[PDB]
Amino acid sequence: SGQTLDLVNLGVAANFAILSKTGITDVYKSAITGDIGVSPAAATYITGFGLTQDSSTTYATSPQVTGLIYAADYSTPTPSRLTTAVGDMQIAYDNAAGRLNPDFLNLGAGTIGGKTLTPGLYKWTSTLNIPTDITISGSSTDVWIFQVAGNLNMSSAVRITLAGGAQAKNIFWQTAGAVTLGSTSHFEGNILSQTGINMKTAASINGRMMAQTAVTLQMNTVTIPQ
């Protein structure tokens, strides 16, 4: 009973703070909590992590990651598990993009600085810009799905706050274009990008970065929920 809008099922992708298809580019010293993976690209497309594969052929380690690094060219079970994960990313993406009967349509005509986002399903038939702080407000069990037919841009220093008990694990952002999060910004939620997700210097996120191209980082704090 209660809110009718169902969660997006991430499948095995839920086990990653970052998952992409073509690569992960890191510069400076990031602090990632949770696992990171890339498929079908190989581990050579994970750059900047000081990656060491000294003990397992199934994973690698980095001083920047409280977690493990997985790539398509590692040994069993990693390739098959990454293919599954990526396939579940795709499914989740389509699942988020395909919800109907939105509660909010073209809120702010595509620029939502200063708004309080109450629960439910949001659609923009355009790029979405977040140039000033926003609040996501609702219960600890409520769901938000944000459908973006364009890029998702959040400005430097912008903070997404959570009111009422809203949780990051229950928030999903689906973007047909790239996501770009500005220096020192703070984001909340799962991001399902059809292309890239790019964070700039000292930005932070509580959530997941699931990109169907590449993710780029610059001294970011990325923390998987729970």
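Residue positions are given as counts along the sequence shown, with the first one as 1.
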- Ranked by mean Cα B-factor in the entry, 56-64 and 196-204, top stretch is 56-64
- Query: Comparing 82-90 with 107-115, where is the mean C-alpha B-factor higher?
  - Reply: 107-115
- Select one of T76, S155, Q147, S126: the residue whose C-alpha shows the highest B-factor in the crystal structure entry. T76
- Task: Determine which member of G189, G182, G34, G165 has the highest CA B-factor, using the values in the deposited entry.
- Result: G165
- Task: Tell me, lowest, middle or highest third: where does the Cα B factor of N101 rank within its chain?
- Result: highest
- According to the PDB entry, is the CA B factor of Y70 in the bottom, middle or top third of its chain, that is, lowest, middle or highest? middle
- Of the three thirds of the chain ranked by Cα temperature factor, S39 occupies the lowest
- Position of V222 among the chain's modelled residues by C-alpha B-factor, lowest, middle or highest third: lowest
- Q212: which third of its chain by C-alpha temperature factor? lowest
